[PDB]
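# Observations on the three-dimensional arrangement
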Amino acid sequence: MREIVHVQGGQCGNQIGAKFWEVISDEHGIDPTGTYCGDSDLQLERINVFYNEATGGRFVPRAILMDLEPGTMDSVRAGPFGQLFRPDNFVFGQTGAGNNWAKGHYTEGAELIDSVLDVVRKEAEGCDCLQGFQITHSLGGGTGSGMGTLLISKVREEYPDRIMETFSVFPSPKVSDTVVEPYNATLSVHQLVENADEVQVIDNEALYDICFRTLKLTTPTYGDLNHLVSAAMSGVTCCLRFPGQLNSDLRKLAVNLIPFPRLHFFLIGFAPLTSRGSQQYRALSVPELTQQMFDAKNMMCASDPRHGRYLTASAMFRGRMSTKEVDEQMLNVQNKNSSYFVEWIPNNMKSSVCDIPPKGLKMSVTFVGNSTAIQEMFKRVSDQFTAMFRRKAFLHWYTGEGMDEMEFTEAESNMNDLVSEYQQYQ
Amino acid sequence: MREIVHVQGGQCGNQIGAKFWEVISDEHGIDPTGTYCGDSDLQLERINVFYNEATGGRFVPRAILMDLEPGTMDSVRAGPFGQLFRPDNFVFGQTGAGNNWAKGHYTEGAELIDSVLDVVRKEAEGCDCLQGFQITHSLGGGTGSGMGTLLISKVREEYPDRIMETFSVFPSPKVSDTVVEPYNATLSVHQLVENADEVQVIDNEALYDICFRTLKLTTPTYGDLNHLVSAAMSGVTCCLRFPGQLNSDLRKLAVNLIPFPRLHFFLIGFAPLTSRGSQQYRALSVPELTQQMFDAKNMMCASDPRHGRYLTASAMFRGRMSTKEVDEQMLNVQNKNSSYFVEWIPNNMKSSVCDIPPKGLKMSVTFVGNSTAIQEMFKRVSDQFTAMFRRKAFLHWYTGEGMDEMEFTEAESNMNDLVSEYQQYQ
Amino acid sequence: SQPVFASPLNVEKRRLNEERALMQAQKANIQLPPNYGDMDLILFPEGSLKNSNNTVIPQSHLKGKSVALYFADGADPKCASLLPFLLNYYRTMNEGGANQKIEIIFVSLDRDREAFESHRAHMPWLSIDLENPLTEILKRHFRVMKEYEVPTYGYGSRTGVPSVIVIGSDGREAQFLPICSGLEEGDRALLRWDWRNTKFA
Amino acid sequence: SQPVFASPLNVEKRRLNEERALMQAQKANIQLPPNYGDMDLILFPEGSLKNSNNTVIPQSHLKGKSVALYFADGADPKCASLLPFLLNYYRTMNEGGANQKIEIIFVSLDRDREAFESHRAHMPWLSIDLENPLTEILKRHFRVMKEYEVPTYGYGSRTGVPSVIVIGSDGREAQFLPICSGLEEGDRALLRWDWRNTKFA
Amino acid sequence: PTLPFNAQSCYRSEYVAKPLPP
Amino acid sequence: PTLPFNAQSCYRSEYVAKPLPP
Amino acid sequence: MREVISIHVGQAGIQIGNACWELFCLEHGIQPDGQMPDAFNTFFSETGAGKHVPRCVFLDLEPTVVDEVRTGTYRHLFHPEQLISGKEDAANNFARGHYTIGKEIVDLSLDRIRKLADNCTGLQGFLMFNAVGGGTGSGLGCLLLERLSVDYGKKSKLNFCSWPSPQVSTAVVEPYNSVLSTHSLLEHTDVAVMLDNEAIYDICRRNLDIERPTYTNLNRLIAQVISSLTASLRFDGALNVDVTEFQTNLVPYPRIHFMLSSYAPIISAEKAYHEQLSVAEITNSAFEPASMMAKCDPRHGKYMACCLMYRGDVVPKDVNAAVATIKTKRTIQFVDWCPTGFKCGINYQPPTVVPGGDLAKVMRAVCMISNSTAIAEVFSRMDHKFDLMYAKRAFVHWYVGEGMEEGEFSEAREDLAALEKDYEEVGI
């Protein structure tokens, strides 16, 4: 049937995607050692979207680890469920990109791409008939942002008609680490606008605000908050793995959230989210789901959607549920909150149902919304880029690796038209 | 069907409200842990008026807890029946308006009202149609009077058609709590007079008098006093929750007690009231309910009704009881005490039957009387208010908190005019 | 082999019926093994059911009734919610009539004897004793369980406690009352009961 | 099924009659379970009733009577107030006639046998002793309780002690006399007792 | 100490399935 | 460690072995 | 066939209708299920195997009184959507019940009315039960009658309004509700009957000797009157008069359709042993001023017209001997222009007593409903009350805020003044 090939680039890419496989393996019933447990038919009926049989009974993920250092992939391997990945799917670098996008994309990444792209051709072709790829990476980093996008460029050319979908974490707005953020972000973005089909935006400041206001967790690790990102990853791809009353797919989301070819950046939200204290006392219903999902408090992207207009939004439901409350709640939300919905597209909502919920919950919903409230993110990077680029700050690190100066101007212009293009629909 | 939204503001509002939910839970047979006990249908066919299902079987109260300091929040939450309330229904301050009307209505209550107006809207919009709001607060305090009346102004503008029932306590004549009582009372009144649909007045002198002569309790605390106040709070709304021979709700009271819009202030009485010793000596009959009901000793406002004339009066009878002696006695009291009733309205008295008696008793009555003898309390406030304002005492906080001086002259002019309009009908 | 093949009632019935089939076949184109249509059993032995006066009644007492099994737990808040409506429905729709329409047999999921008898004292219809194997066997037969303790054989649980299931003469599920199921008609699904077509005959 | 369903009387009656119906069906378009009209019980055992002078009276001599069960307690002030008026009523009813018309069978709520005998020594009408479970089963059947001590199956307590209930042949309540009831017309509701209509058939 | 709830409405007390006249 | 999977699909719950009419 | 549709609006309508329908069930031997073990066709329809359902509608904007019907004993008897419930109370406001809240419930009511009316031809008319004192009883009660009179023109429309007591009122704004009701039920109702609360209180006091009566006790007696009034339709009689022939003999002018009510005997098990219930004696008690059921002493007016209904073992010659004695008696006076003013109705079927009620089983009964001129008193006293409270705009702001215009009070008052004059000029 269909298979997705998972790709991870960078330390953020390896750590986020490590928790993605821990929750997929939990969902499909795979042990750390790699054998099935839990004798349920649904769990194995569509297993080849992600896994791969060994003719010895065990399952391996269809994942391609990729990092320019040997350190972070030793962390992934040595933990529990680290035995699950095939050792040959790791690809190693000895040198590494020092959060310099140039050396990730031009110098250091060039000798590494021929090896990792050798793997990804071998794994992808070997399956029955491919459906899509997916990339998890960071745009603040060196190898997540620099060498990650070079793969995106080269396989898009190679496999032209397949879906490509990215969970990219942007530079943090307020408290912003890795001081070369706007240089890495802007250079990665204008390369990702002509070469990605779906882009999903997550911020850390969005995630941490969730941890006080909603979750109320005292000391949340990367482990705790990666549970949330990975649960969003599972939500968008539910129907590829489970039957549904109304089916979906990655391709169905593209044709029903992207009105024009360049406007493919999305907001991601998950519902329900409650503290352990408030868990037993909350009524879980679809009208209550749909109102906890339409919140600025609930998005994983740190831009307020009340400042803009939902050009086209979607909500993929998971659970045993009825089909008005998926759809009458849509008419319910579009009619009264008519200011936050664009006008010249009537009835902007795609909806879908997946029967089997996430483990331990009875219903859930994931939200994917194409908004023009994301202009306030590209703009914030845009001034910080031109604040630095005017005065030639940190440009010698970039211009010494074979780059030219004209590329930076093209980076802003292809960023600034995307800012303006969101403006003309608001 | 119908739902009452409950708002409790300030120290005195919260302690009254905590005791109020205890008798409602007792009347509806709700275990302190949240569940249902008792095994009868009559307890539960109208539960949506005060409670909400939580898909765990438990009922959460339809209440908002409101204070400018978290001290009294802790007392309600740590008491028995304290785990009933939803934790997010509480709202906190940190400063706490030091019994200053200005600071609760202009400075410290202003930045908080954003947050709690959301919690009201959360619960208000939640249902089919709401019946109305019920507010308990203190007119002598800062966070109860000043910030409480601000919400009354806010929620009246947003929900104009819905009713507005306030259980307020007043400054006492004899004892001095909160030395700036007439300043807070006068400034609260000239705003509460146009923004509240029915107002019911309690005074602590009246409550101690009841504990002197009727209950014969030797050491009543705020625990005992709030029990009697809470008993009339349930008695006035009994027929919303239980069936009966003749129906009544809060709007039945509004249309039958308000001749002119300016006059909506009541005197509340509860009958029967006897000591433990005299419990088994008394013949609970409809004659002896109505003679105790028309006694100055029984009113919970410390203004003697025999000086004034009852403009209109209402009596919500409860229990299995025959309606001829209900109907005749209201007529019969009007015949002999013809001097105590106004002349240009025939049959000043309204009666209703509520065929589910309170717990532990067999018959009961709650008296809500629009008497012009409530003038005696208003005169005392105006006399005191003019005593201080003429020499401009305690003004510099009120005028130093972004409030004009001319607000005071409007306050005394309106409330003096309220005094003047009681006079002509007497 | 209805509703499930793998149930203790069905295997016990299979054993008895084809025991008799082989015996009479040896004694004599008699069809082997017998059709489920040809199969007939005794669902309640002589000492199973006891009423409100703790007097044993046979299975034969249930002819021309609409019988429903009530799987209940003493401590469950959903059972605490469902119980008064069940009482009232039994009460009125059985009382106000020139026929004795329905009958309820109570099957326990409580912890122990004390809890079982304490909950059974609040109850006017028939019950099966907790010690008696029939309760466990009925639980496996109709696939009701509070939690996955006893291994169902790679199939779903039909429902959870509480549950009212209209039964037939042969353990056949006549109709399922949707208390806590797909319809989710809490405390109002009782009115879906049709007592005409479902007779213990 | 009258006046109640979940009573020990009705449970024993349903047992016996449906047993009898199955045996008639075994011996012989017969309707199972039997109709309430076709249901029959014997109410007072032969050794149940006894007169003033402590001699046995069978049930069969209650024919052509207006018979009432008097649920009473020795210690209750309300009972002590009600008793002389009922005594005068009984005397003036049974004296103005050759043959007697109304009859009262006494059911006790007394604490012990000594109290039972002490209170019974006053009364000239018929009585049932305390140890006979007839008292308890009739009490549940006619819904008399001093206080909610015993599990009753979703019933409301119809009466408080004292109460006189006029009975029919099949345990159906002929008429209710409201001493402490919906009318609260105490101490002279005994006048409302009609005897054309209330006959022990 | 607790007491059970033993109250029913005017409707339940007065309106039952009455027997028909013969 | 992990737990078995006690979820059941909508289809299996309501498309069952249906009783054949006489 | 020959059918009559019953409408119950408001608290008073529903509670009375509960008493009315339970009597009809016991009368024809149908059960709470609705199936009996062809007199009943006037009230109950034919549905499925053996079941009969009522030809009624229940309307209230308050849910708690009509939901309680759905909850009670008679669940299965009533149709699921013949009991229409609102969401929000009328709250004693005529303007609220006529303009604001009642608009979305009128068209839901008319849907049920026309579908229940169109099952067969030969519909006699409608029975209306409402309280003019109440909010939805007066407001929504009115609004239904404009929509009914325009479409179903032809058919009779009897009204049984519970007029407010002179001393007791169930409300303090009820003079306002009264004047507005009596304006708009003049030209929409064909026959209006005045029921009064303290009138039935003191009937229950001196006849049945019930020191502690309630609304259930009152509504039994009212249901007996409705059953006695329509007993002619249901059961065959020696000399029958139907719904349509009431307005022929009781309504001499278009403006004059307000009339008394009285039922006799009303005797408990106490007194029933110890008199003849003779036809002479029961018609004597019927005309007794203490037995009026509207609280107006009828001796200060003239009996414009009169109707007498009879149930049970009543022979025609006993009626004529009874009515001749009444004419002879000069306590009861007659108007000059109506020298003959009695229309008799005799039905063979005796009234059926509900068990554990308060009426005794009796052989015969009289239901005397009569048009008089003493009604001008009760209209005048209510008028005097309205003029004092209105003169300085008391409670006006509730009404004028809810949509109605200040000037409907003046127009309704002057129209009531025309009713004052019309009764005055006739009775001389």
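The record names cryo-EM as the way this model was obtained, at a resolution of 6.7 Å.

Taking the PDB entry as the reference, chain C is identified by name as PDI family protein belonging to Toxoplasma gondii. Anyone opening this PDB entry will find it titled "Subpellicular microtubule from detergent-extract Toxoplasma gondii cells".

If you look chain A up in the PDB entry, it shows as Tubulin beta chain from Toxoplasma gondii. Its UniProt record, at the heading Cofactor (unreviewed entry), says of chain A: "Mg(2+)".

Counting from both sides, the interface comprises 8 residues of chain F and, opposite them, 10 residues of chain A. Carbon and sulfur atoms supply 61% of the area that chain F and chain A bury against each other, a total of about 850 Å² over both sides. When the area that chain F buries against chain A is broken down by residue, the three leading residues are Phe5, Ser9 and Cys10 of chain F, summing to 60%. At the junction of chain F with chain A, the criterion picks out 0 salt bridges. For the interface between chain F and chain A, the tally reads 1 residue pair in polar contact. Grouping the amino acids of the side of chain F that touches chain A by side-chain chemistry returns 4 nonpolar, 4 polar and no charged.

Our next topic: the interface of chain B and chain G. Each partner contributes to the interface: chain B provides 42 residues, whereas chain G provides 37 residues. Put simply, the parts of the chain that give the side of chain B that touches chain G at least two residues each are helix 10 (250-255) and helix 12 (323-336) of chain B. The greatest single-element share of the side of chain B that touches chain G, amounting to 7 residues, is contributed by helix 12 of chain B. Its residues assigned to classes, the side of chain B that touches chain G shows 17 nonpolar, 12 polar and 13 charged.

The next point concerns the nonpolar core. Core analysis: the largest hydrophobic core is formed by 131 residues, its most contacted members being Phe133, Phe265 and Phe317 of chain B together with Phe258 of chain G. With 8 residues, the single largest contributor to this core is helix 13 (residues 375-390) of chain G. Ignoring sequence-local partners within four residues, the contact set of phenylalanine 265 of chain B consists of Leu192, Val193, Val199, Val201, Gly369, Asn370, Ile374, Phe378, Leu418 and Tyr422 of chain B. Counting 64 residues, the second largest nonpolar core, distinct from the first, contains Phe160, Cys204, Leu218 and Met293 of chain G.

Tallied over the entire structure, the rule returns 83 aromatic pairs over all chains. Summarising the aromatic geometry, the rings of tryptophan 163 of chain G and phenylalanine 379 of chain G are spaced 5.2 Å apart at their centres and angled 85 degrees between planes, so their arrangement reads as edge-to-face. Linking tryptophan 163 of chain G in the loop between strand 5 (156-162) and helix 6 (174-184) with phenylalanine 379 of chain G in helix 13, this pair joins segments that are 216 residues apart in sequence. Accessibility expressed as a relative area gives 1% for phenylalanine 379 of chain G, which makes it buried. Ring plane angle 35 degrees and centroid distance 5.5 Å describe the contact between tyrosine 176 of chain G and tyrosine 399 of chain G, whose orientation is recorded as tilted. Within this pair, whereas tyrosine 176 of chain G is found in helix 6, its partner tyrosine 399 of chain G is found in helix 14 (residues 396-401), the two being separated by 223 residues in sequence. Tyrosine 176 of chain G gets classed as buried once you look at its relative accessible area, which sits at 0%. Using a relative accessible area of 1% as the deciding quantity, one classes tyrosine 399 of chain G as buried. Ring pairing ties together the aromatic residues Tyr70, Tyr90, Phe106, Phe116 and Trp125 of chain C together with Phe5 of chain D, which thus form one cluster. Directly above the ring of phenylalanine 5 of chain C sits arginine 14 of chain C, whose terminal nitrogen or CZ lies 3.7 Å from the centroid.

So, how was this worked out
- Within every chain, numbering proceeds from 1 in written sequence order, not necessarily in step with the numbering of the entry, and residues without coordinates do not appear.
- Lettering of chains starts at A and numbering of ligands starts at 1, both following the order in which they are written.
- Any value mentioned applies to the visible chains, which represent part of a larger assembly rather than the whole.
- Derived side-chain values reflect all non-hydrogen atoms in the structure, with water molecules and hydrogen atoms excluded from consideration.
- Residues with missing side-chain atoms are left out of burial classes, side-chain pairs and their counts.
- UniProt positions are given in the numbering used here, feature names are shortened, and annotations may be inferred rather than shown by experiment.
- Two residues qualify as a contact provided that any one of their heavy atoms is within 4.5 Å of a heavy atom in the partner residue.
- Two parts placed together each lose some accessible area under a 1.4 Å probe, and the buried area is that loss summed for both.
- The term salt bridge refers to a side-chain nitrogen of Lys or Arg lying within 4 Å of a carboxyl oxygen of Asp or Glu.
- We call two N or O atoms a polar contact when they sit within 3.5 Å, provided that within protein one can donate a hydrogen and the other can accept it, with sequence-adjacent residues counted only if both atoms are side-chain atoms.
- Residues are grouped as follows: nonpolar covers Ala, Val, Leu, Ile, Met, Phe, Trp, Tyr, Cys and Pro; charged covers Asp, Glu, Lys and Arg; every other residue, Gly included, is treated as polar.
- Per the convention used, a helix needs a DSSP run of H or I reaching at least four residues, while a strand needs a run of E reaching at least two, with both numbered from the N terminus.
- Working definition of a nonpolar core: buried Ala, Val, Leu, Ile, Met, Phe, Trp, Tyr and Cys residues. They are joined through side-chain atoms within 4.5 Å.
- Under the scheme applied here, a residue whose accessible area is under 20% of the maximum for its type counts as buried, over 50% as exposed, and between as partly exposed, the area being computed with a 1.4 Å probe on protein chains only.
- For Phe, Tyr and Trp, rings pair up if their centres lie within 6.5 Å, where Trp contributes its six-membered ring, and each pair is then called stacked (planes under 30 degrees apart), edge-to-face (over 60) or tilted (otherwise).
- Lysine and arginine charges are scored as sitting over a ring when NZ or CZ, respectively, is within 6 Å of the ring centre and within 35 degrees of the ring normal.

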